[PDB]
Amino acid sequence: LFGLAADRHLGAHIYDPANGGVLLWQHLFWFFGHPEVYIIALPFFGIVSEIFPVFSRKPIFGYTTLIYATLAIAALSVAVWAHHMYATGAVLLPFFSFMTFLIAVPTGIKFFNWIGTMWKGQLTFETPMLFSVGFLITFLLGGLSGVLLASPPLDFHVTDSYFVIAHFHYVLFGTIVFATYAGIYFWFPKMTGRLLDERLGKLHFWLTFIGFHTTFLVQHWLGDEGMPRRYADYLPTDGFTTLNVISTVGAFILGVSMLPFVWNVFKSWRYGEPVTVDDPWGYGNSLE
Amino acid sequence: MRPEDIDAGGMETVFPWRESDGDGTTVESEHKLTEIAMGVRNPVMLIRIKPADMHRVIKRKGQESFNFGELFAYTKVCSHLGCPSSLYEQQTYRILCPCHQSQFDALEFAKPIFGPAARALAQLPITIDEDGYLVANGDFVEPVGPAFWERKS
Amino acid sequence: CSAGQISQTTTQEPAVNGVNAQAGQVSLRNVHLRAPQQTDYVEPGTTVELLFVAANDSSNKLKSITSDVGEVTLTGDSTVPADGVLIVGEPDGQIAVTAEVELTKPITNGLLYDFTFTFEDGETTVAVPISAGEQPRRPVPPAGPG
Amino acid sequence: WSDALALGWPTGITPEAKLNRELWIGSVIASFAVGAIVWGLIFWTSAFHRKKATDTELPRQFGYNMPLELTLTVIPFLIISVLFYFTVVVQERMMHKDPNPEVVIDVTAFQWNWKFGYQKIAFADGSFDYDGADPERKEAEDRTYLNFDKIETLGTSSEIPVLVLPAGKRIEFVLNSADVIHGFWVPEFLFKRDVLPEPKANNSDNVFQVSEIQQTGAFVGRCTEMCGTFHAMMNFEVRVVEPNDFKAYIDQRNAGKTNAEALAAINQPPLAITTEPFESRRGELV
Amino acid sequence: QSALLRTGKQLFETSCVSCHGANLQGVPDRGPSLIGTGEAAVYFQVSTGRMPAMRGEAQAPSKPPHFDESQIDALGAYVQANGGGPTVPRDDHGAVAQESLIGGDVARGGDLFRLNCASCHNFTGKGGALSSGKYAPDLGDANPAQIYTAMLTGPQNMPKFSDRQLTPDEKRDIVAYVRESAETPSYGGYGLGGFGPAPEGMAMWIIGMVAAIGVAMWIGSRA
Amino acid sequence: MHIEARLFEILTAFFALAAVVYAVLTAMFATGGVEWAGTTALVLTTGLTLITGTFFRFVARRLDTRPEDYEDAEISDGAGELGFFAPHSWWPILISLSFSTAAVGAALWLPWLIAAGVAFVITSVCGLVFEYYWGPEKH
Amino acid sequence: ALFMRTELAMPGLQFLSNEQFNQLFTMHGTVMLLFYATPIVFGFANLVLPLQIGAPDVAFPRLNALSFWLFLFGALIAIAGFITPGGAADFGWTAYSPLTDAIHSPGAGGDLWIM
Ligand SMILES: CCCCCCCCCCCCCCCC(=O)OC[C@H]1O[C@H](O[C@@H]2[C@H](O)[C@@H](O)[C@H](O)[C@@H](O[C@H]3O[C@H](CO)[C@@H](O)[C@H](O)[C@@H]3O)[C@@H]2OP(=O)(O)OC[C@@H](COC(=O)CCCCCCCC[C@H](C)CCCCCCCC)OC(=O)CCCCCCCCCCCCCCC)[C@@H](O)[C@@H](O)[C@@H]1O
Ligand SMILES: CCCCCCCCCCCCCCCC(=O)OC[C@H]1O[C@H](O[C@@H]2[C@H](O)[C@@H](O)[C@H](O)[C@@H](O[C@H]3O[C@H](CO)[C@@H](O)[C@H](O)[C@@H]3O)[C@@H]2OP(=O)(O)OC[C@@H](COC(=O)CCCCCCCC[C@H](C)CCCCCCCC)OC(=O)CCCCCCCCCCCCCCC)[C@@H](O)[C@@H](O)[C@@H]1O
Ligand code: HEA
Ligand SMILES: CC(C)=CCC/C(C)=C/CC/C(C)=C/CC/C(C)=C/CC/C(C)=C\CC/C(C)=C/CC/C(C)=C/CC/C(C)=C/CC/C(C)=C/CC1=C(C)C(=O)c2ccccc2C1=O
Ligand code: HEC
Ligand code: HEC
Ligand code: FES
Ligand SMILES: [Ca+2]
Ligand SMILES: [Cu+2]
Ligand SMILES: [Cu+2]
Ligand SMILES: [Cu+2]
Ligand SMILES: [Mg+2]
């Protein structure tokens, strides 16, 4: 960023096309960009890993192995940065494809450990568990779509279209929406001393789930038919018109879904049910 | 000055000059050329409007013949407090005063559109002389400059 | 706020000392009259010149000018190619079709006079101005003491 | 049945596109399987393993299973290995670049339009030879990497540029940009590539070729790079015709026919039939 | 030159055709026609970097130039051959005149500037605000040819001064005043921007009063 | 503190391997040169972990087992004296405001604003550092 | 996102322009990623981590306070590009070059974004 400001304010000949700066900047940016997307993933893995054992009345299945999964995912997500640059035709294709395939192994381990945690135990499905399960369902399809992008032949046709937009709105909508809300519902009493409503926290979840799957599911098809991203408008004789209407309807549902949540937080912060115990969730494991 | 000197999208400042003054070489015409330049209500802005925009001009009910084709002349004194409102934007056709940020519409009869101004700028009728110089068809038909208690009818 | 549907920059007219009127599939640009003046009028009998450029975007069109200030006479091919233009007048500054006017009625700079341009498919009235180009300022006789 | 499994890809018009489509359709199935066998597991325990009426003690407290954890890191590894193998196989073929193209064309990308130039034509059976190379290119803000030809189609804000190519011949597609990065995408090709200002200095390969186009017709092409304001309004068309029509069109353009009446000379519509020029106005509120 | 007209046309169809038309006739609601503008307009708009423009806002800003002198001349000559208009003044060697544009009388230039140009621009040529999102820039960066060609053509909401309204002798004095008032050092200390009461007031509050209060706090006691 | 030290050198080893592999694989059969942009980053990413690993190794070998590092330690072993923590301070917001001023100055290229921002930053940092060291007033 | 989704349901440009749409998706993309998610990571950290490890406090509290204010003011400076007559950044969150050079995107919104 300092280098770019130097060019824009001093005329510093850093990112000149003649100077090989068109690709220098992309390398510099994508060394950041992908570790960034793994900065906002692992912490929200932690939340679900803390929520599963409590409501399952069973220990987290695999404690030693999850640490290694985290370490492997973090270490791998430094040498995978040019899989965002396929159409450029200027990177070593094999190097960034194999490693990107490899960064998909421990994620399955995490999934299977979660499934094994919630296996053969009494489950009650309060709001935290409902959100954390929605996380599983969304993130699986997100990751499945993400693996397809890793192969250069498929990214040759798919890249820079709404298929990728469909992808990173599932893998990103599970960690920082579903897991975030799971954490909020989990730790609200511990931080405030009040209990969030239950009949008002399930309407919110169902609205969010239905709205999200209504607005983002058809984007794969849009990108496949040949609709490019970052287009302001299109022509009537383009074919893709009705899918845009469906997406807009879903987006307005997803936008109205958030009223009950904010209402719940506003109402229950000072007139909520009082928790006077040390743990309102019963089979809590951690030291908080 | 002649109508040919100023082109479309230009503006000039003009003063009232009689044949009875002139040069300022002597001491008699040296104090007569100073009164013209120091007059409070003397300066006038002359603008030429593009022929393409001539179909969107609105007159002021008694000033329907105050222009010579595509040349208009208005007072350069702001009708708010008397600052020289002379920032002329020739694409938007707006006259801006740099004192209190009131702007006037040139296509209409210099009526205010923004700022603390409530009255329109005064117009001067113009024509040409037999030689081809610009002259006036008389003075304004209203007082020019800021207002006062016993102004208007 | 300034980058919406209505923009202050995209609607700006060119400062060219001339009109940019349209016609039937033909756009006329920089339409002006050359008439070097000496006094308040340019007297009838004198011949003056009409200048403009005609452009179309895709294969031919004929044309004819009529007016009320005398008669307009054309000389040249007076047809437009597919992706080309028709230049009639050469205004001062350029380094063959000509439009001459007999001017039955006197003209003066500052006013607009109606001209009718007619093609084989479209015809419009224009109301052209008079423009002086690279001509320097004409001398004004000095005054006296008063 | 393949329509509901390709998630709406266009069918290819070149062998490479068909091979890529084969790879993709084969991979979608391999990803739905592993999705189904995990959705089933999530659904199974969410409907059977619950808190029953009979309040028994806390369940079995098991937290480790070494054999299953060890046999679980190996099963997806083989799947990703086979996917990598097939990926390599397809990608090596899609970038062959045989050193004997039958027609080389130049593509240059500037601020919100396209421009095509026939660099050269050399048929494999000695039926037509032509060299449009025109050395006169000017330099300094250098802009000496750009290429100029004798026959060129220029795109305008009121006319979609149409490119005419023969059927059953190799196309060479040499790409350059003058100003910024743009995207050369043909959906029917199942292929796009970025066009960069200075490909040579940036260690980019700006040339790619296909074997031969199966069918004659008109196909759309869109810009995909986010090049600026009118980035959604930078389109072109490709019209593939018979070789004899190609030669007739070339001769007509060599006499000079603006690309609009050459098509009319070879009994083709003069304009684009896939897209039309965008309205010049900013929108409906003006 | 025939060879210079064709090199200026190939530069145009790659940069300018999108917003100005193939026949310089103008693309509606994107840009105006370029018939009758001349090479002075081209010189001013390309040398200062205003052209080519990148979006439609209240006012197109200035930026680094895209072309160099040869290319600028080619573009200017291509435009001049399509309707005529003003031309950039040259020197005895065929180059753009820079030194010859500086006039003799700075006082007459000064009082012409104060009457014609100080309303939009400042007393000495600083910025000034216009109606809505628009402004008059600083004059401290333009070379004599740029200053001359700015008021010959009329770029934007700035008016145009023809050679009959301001003769090409008064223009030289104006450019001399503009060039001199930008390279003269301040007398009496740091200039503080050259705007007047506002920077002076802020400097007072942020320096003098701060120092006085600090000294008072040092001398005095607390609680 | 051996676990902490080991966690860093594990990453050091991986990063070194990745950098070495990337550098060689691009020198051979890769258009251009070595791809200097990616090679540079990965040989300093390894250094990042190496510095911390070495420091942790030294600290671990210096001091013996702590209550934190003992499998079966009692709560009463930790009893004693923690250290110093700031109860409250309003200086952070002033530091942030100073930096924000400097940034806004640099964005619009207003050198006077930049200078004022730098002066404010220095003053605010001075205030923060000297907070718990100012003596009573001398009168 | 709601604005750009509303102006994406019908073929014609109804109420938006090109420039506005560009700035709109650019700023949506930046605000959602850098001013909501990356921060919300650290909100959950200094909410339960000291409780989880059994500590009374974080290592540096008076430095812990500075991070929040840096966040808030940086976010405000980046978002305040909409007050300018030009607008905010209109070149995506990715910020590819040369599109962010002085020649292309010469506005003041992009500068505030960077800083
Ligand atoms: C904040 C959350 C709350 C939710 C409420 C708001 C959220 C979003 C809703 C906003 C609506 C959509 C805006 C986007 C559309 C847009 O981009 O617009 C189109 C175009 O428009 C311009 O032209 C108009 C036409 O397109 C041209 O055809 C036409 O010619 C031109 O006509 C002028 O010009 C001509 C010459 O050309 C002349 O001939 C002619 O005479 C005239 O002069 C036009 O312009 P004009 O009429 O000026 O404006 C009209 C535009 C203008 O846009 C606008 O939305 C205006 C923007 C202001 C928005 C209102 C802000 C509200 C304040 C806050 C809520 C208060 C904060 C409190 C904090 C909380 C405290 C916590 C305790 O329509 C509107 O007002 C839309 C109405 C909707 C507003 C509703 C809000 C009020 C209700 C109160 C609710 C309170 C909530 C809480 C209470 C408890 C053009 O040029 C371009 O620019 C532009 O492209
Ligand atoms: C009790 C004590 C009282 C006394 C204190 C006084 C100290 C201050 C100065 C010291 C005294 C020296 C006397 C010698 C004077 C001298 O020999 O004279 C030099 C020349 O100098 C300028 O020439 C520049 C070039 O040399 C020319 O080539 C060029 O032409 C010219 O350009 C102008 O003209 C063009 C037309 O062509 C335009 O294009 C163009 O734009 C411009 O106008 C140039 O000018 P300029 O940019 O001013 O220089 C900028 C100054 C910049 O000053 C300043 O530090 C600013 C001082 C004022 C600050 C007060 C502002 C308050 C803001 C608030 C904080 C706002 C926010 C708060 C409110 C809200 C609160 C709530 C949040 O230094 C720089 O360069 C860069 C910065 C480095 C200077 C640092 C020294 C002091 C800084 C103090 C702190 C130290 C920390 C470390 C810093 C590095 C012009 O003046 C010329 O006349 C003048 O001739
Ligand atoms: C935000 C969080 C996030 C996460 C977690 C990820 C995770 C992954 N991403 Fe990334 N990605 C983004 C955010 C994220 N991404 C964003 C924002 C962009 C767009 C930026 C831009 O260009 O604008 C992007 C773009 C992006 C691209 C470039 C696409 C393009 O520009 O055209 C690629 C290509 O390789 C990629 C791949 C992957 C892979 C392989 C994973 C893997 O982490 C996911 C793996 C998950 C699974 C595999 C599912 C679980 C596994 C099992 C159940 C076992 C099954 C076993 C097999 C199938 C063998 N993503
Ligand atoms: C007309 C009116 C009512 C005023 C208010 C208008 C208004 C909306 C103000 C916005 C001003 C800004 C800062 C615009 C940029 C966009 C922006 C960053 C918006 C807000 C950002 C935000 C909400 C959060 C960031 C947090 C934060 C604290 C920001 C810091 C911003 C600051 C402190 C900037 C300074 C503000 C300001 C208006 C200062 C006026 C200073 C003046 C008048 C001095 C004039 C001055 C000049 C002009 C000189 O040339 C000069 C040259 C040499 C020495 C001195 C001077 C000098 O003093
Ligand atoms: C669309 C965006 C473009 C492009 C690609 C170019 N120009 Fe420029 N231009 C544009 C507009 C909307 C305007 C008018 C408003 C304003 O001046 O900002 C202009 C203006 C000019 C002028 C001034 C003409 C006048 O006096 O009437 C010139 C000489 C000019 N433009 C030249 C020019 C050249 C040579 C370009 C190719 C490099 C070019 N423009 C690109 C919009 C746009
Ligand atoms: C108000 C309108 C005026 C008046 C009366 C004058 N100028 Fe200036 N000027 C104005 C604007 C809005 C602009 C910007 C146009 C653009 O960027 O397209 C300008 C521009 C100039 C320039 C060029 C900018 C530069 O490179 O610094 C110059 C040299 C310039 N103006 C000088 C100038 C002179 C000498 C004037 C009186 C004789 C004058 N202007 C009047 C706004 C306005
Ligand atoms: S004096 Fe003109 S607006 Fe007040
Ligand atoms: Ca729409
Ligand atoms: Cu990636
Ligand atoms: Cu493009
Ligand atoms: Cu683009
Ligand atoms: Mg891309």
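What you see below is based on every heavy atom in this structure, not just the backbone, and it leaves out hydrogens, waters and symmetry mates. Lettering of chains follows the sequences in order, A, B, ..., and the numbering in each one begins at 1.
Two residues are said to be in side-chain contact when any heavy atoms from C-beta on lie closer than 4.5 Å; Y231(A) and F21(G) fail this criterion. For the pair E50(A) and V48(G), the minimum side-chain heavy-atom distance is 4.5 Å or more. Side-chain contact between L51(G) and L287(A) is absent, with no heavy atoms from C-beta onward closer than 4.5 Å.
In this structure, chain G has a heavy atom under 4.5 Å from the side chain of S286(A), while its backbone stays farther away. In this structure, chain A has no heavy atom under 4.5 Å from any part of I103(G). Using a 4.5 Å cut-off between heavy atoms, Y234(A) touches chain G through backbone and side chain atoms alike.
Judged by distance alone, the side chain of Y36(G) and the main-chain N or O of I176(A) form a donor-acceptor pair under 3.5 Å.
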Verdict with reasoning, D101(G) to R8(A), per side chain to side chain contact (heavy atoms under 4.5 Å, CB included): CA-CA 6 Å; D101(G) 73 298; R8(A) 301 197 49 160; 6.0 Å; no
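Across all their heavy atoms, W25(A) and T94(G) have their closest contact at CH2-O, 2.7 Å. Between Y15(A) and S97(G) the shortest heavy-atom distance is CB-OG, 4.2 Å. Closest approach of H84(A) to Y96(G), counting heavy atoms only: O-OH, 4.5 Å.
Listed in order of number, the residues of residues 1-15 of chain G that approach chain A to under 4.5 Å between heavy atoms are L2(G), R5(G), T6(G), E7(G), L8(G), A9(G), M10(G), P11(G), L13(G).
For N64(G), the side-chain contact (heavy atoms from CB on, under 4.5 Å) partners are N46(G), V58(G), not counting sequence neighbours.
The side chain to side chain donor-acceptor pair (under 3.5 Å) pairs that include a residue from residues 174-195 of chain A are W187(A)-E288(A), where partners are two or more places apart or lie in different chains.
By number of non-hydrogen pairs under 4.5 angstrom with chain G, the leading residue of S247(A), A5(A), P17(A), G255(A) is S247(A).
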Run the side-chain donor-acceptor check on residues 35-49 of chain A: report pairs under 3.5 Å with partners two or more places apart or on a different chain.
| residue | atom | partner | partner atom | Å |
| --- | --- | --- | --- | --- |
| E36(A) | OE2 | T38(G) | OG1 | 2.6 |
| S49(A) | OG | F45(A) | O | 2.8 |
| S49(A) | OG | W114(A) | NE1 | 2.9 |

